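# Close look at the chain arrangement
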Amino acid sequence: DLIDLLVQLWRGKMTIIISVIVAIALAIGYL
Amino acid sequence: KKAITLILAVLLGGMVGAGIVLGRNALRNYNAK
């Protein structure tokens, strides 16, 4: 598949980091 | 082993470079058609 959708991931930059930190916040909370 | 660790470094260094020379061109082809 082409690069036509690999621009919105960059476009939505904060919305990815805020969905990864919330995963570490439950991963470390699981430990 | 000194032999395979450089053959698998040139071929690794080329494939990461081929993504750069295609990445700086296809993104230039995609922006402002």
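Per the deposited record, the coordinates in this entry were obtained by cryo-EM to a resolution of 3.0 Å.

Per the PDB header, the entry is named "full-length bacterial polysaccharide co-polymerase".

What follows deals with the overall build of chain A. The number of helices and strands found in chain A is two helices and zero strands. For chain A, the spread of C-alpha atoms along the principal axes amounts to about 40 × 20 × 5 Å. In chain A, which comprises 31 residues, the proportion classed as buried is 3%. Only carbon and sulfur atoms are counted for the fraction: they give 75% of the accessible area of chain A, which is about 3100 Å².

A contiguous nonpolar surface patch, about 570 Å² in accessible area, is contributed by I16, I17, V20, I21, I24 and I28 of chain A. A relative accessible area of 42% places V20 of chain A in the partly exposed class.

To continue, consider the environment of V16 of chain B. Among the secondary structure elements, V16 of chain B is positioned in helix α1 (residues 4-30). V16 of chain B gets classed as exposed once you look at its relative accessible area, which sits at 51%.

What counts as what
- Residues numbered from 1 in each chain as written, not as in the entry; some residues may be left out.
- Chains lettered and ligands numbered in written order.
- Part of a larger assembly, values for the part shown.
- Heavy atoms only, no water.
- Helix = DSSP H or I, 4+ residues; strand = E, 2+ residues; numbered from the N terminus.
- Buried < 20%, exposed > 50% of the residue type's maximum accessible area, 1.4 Å probe, protein only.
- Areas by Shrake-Rupley, 256 points an atom, 1.4 Å probe, with all protein chains shown as cover.
- Patch = residues over 30% accessible without salt bridge, like charges linked within 9 Å, V, L, I, M, F, W, Y side chains within 5 Å.
- Salt bridge = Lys/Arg side-chain N within 4 Å of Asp/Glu carboxyl O.

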